[PDB]
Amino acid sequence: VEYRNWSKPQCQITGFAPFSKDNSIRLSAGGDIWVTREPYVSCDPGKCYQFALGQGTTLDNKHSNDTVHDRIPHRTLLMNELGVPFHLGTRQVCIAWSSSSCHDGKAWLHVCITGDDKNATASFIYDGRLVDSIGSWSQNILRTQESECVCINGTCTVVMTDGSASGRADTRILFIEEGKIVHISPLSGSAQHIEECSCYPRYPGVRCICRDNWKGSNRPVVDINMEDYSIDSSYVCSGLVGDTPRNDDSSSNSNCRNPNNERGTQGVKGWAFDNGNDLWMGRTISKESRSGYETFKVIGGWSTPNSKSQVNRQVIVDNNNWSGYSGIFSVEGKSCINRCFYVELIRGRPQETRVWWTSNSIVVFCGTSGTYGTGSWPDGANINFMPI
């Protein structure tokens, strides 16, 4: 078994095709299924796995009460083959209320963060053993991607933040070899706030589209040089911005360099990726709430400031249904690297108060060079049918 290098060109795509769906919430009404949030997907060279942060409880369980909260000691990282719902046989890979995972071609790396808000611990687990750990550097909720990290030639990279959720924070990029932290680079560039990066291999480096929770509804970009550990950052040029909340399409802006100061505070994890001058991106359909989900290509979305010409739109989840987090993952094909994405379908609180829990299912799409039609693939549970 050899290290992944991801040294193939990016697959040229025409859009995305249905890949997976787990129906977690529908099943929870007739079976013992984990309460989760912050899911993601990552694949070893052979097969794909679905991940999520458990809440230390199943849904039909009095412990499901008040699971809207983000951080408790009982949250653990769950890992199943993609499409296997989180049943009671699911392995809890580590303790985590924030995480990132990736396979370097030989073994799995898991980055798991847990403990006190003001003094958290990140554990680094590789090939099934704890290899390293680091403590909070800013004493304010050390946190990471909530989607896959990326490895090239045996070095995995992950983006981590510690500090204010509504102001300048301390973001660092780690380089990890077989679970051992070998280098840490400070964030550099023009991005002013970085959270929950959705990263992907772009040989010879790694590129990330993240969440600015402070002043931007445009998404920050973090570029990682795997050769000399140097870091650059900016913002996605597209005038059709990807965060939520955000202004409507007719009044949104991005200059590629600065946070737009348009409903900048708060946000949601998301993704986008470049193709030459163009940009493929997803976002919630609603501009103010985590409702609906759409993807499209923005012409000049990567290179041209404030570009707003889109094409190849697809509805993933219609705007009558709840969405949530979304993130990218990459899958190596015979001759090219394909881009896929998942979306978290959040049910329960705070939006749906009939129940006292908060959980999610997922739906997953992959880049295609073929053709496709239309549809909508929401969570599908009837809130009135659920144990409260």
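In this text, the rigid core denotes the largest set of C-alpha atoms whose superposition between the two forms falls within 1.5 Å. One rule holds for the numbers: they count along the sequence shown, beginning at 1.
In 6 other deposited structures of this protein, superposed on the rigid core, the segment with the larger root-mean-square CA displacement between 89 to 97 and 70 to 78 is 70 to 78. Of the two stretches examined, 326 to 334 and 58 to 66, the one with higher mean CA deviation in 6 other deposited structures of this protein after a rigid core fit is 58 to 66. The PDB entry records a higher mean C-alpha B factor for 63 to 71 than for its counterpart among 63 to 71 and 33 to 41. Set 303 to 311 against 215 to 223 and average the Cα temperature factors; 303 to 311 ends up higher.
Which of 358, 28, 351, 319 has the largest Cα B-factor in the deposited entry comes down to 351. Listed residues 20, 369, 376, 24 were ranked by CA B-factor as deposited; 369 comes out on top. Ranked by C-alpha B-factor against the other modelled residues of its chain, residue 161 falls in the middle third. Ranked by C-alpha B-factor against the other modelled residues of its chain, residue 126 falls in the middle third. Sort the chain's modelled residues by C-alpha temperature factor and residue 339 lands in the middle third, per the entry. Among the modelled residues of its chain, residue 196 has a C-alpha B-factor that falls in the lowest third according to the deposited record.
Residue 270: CA B factor lies in the middle third for its chain, per the PDB record.
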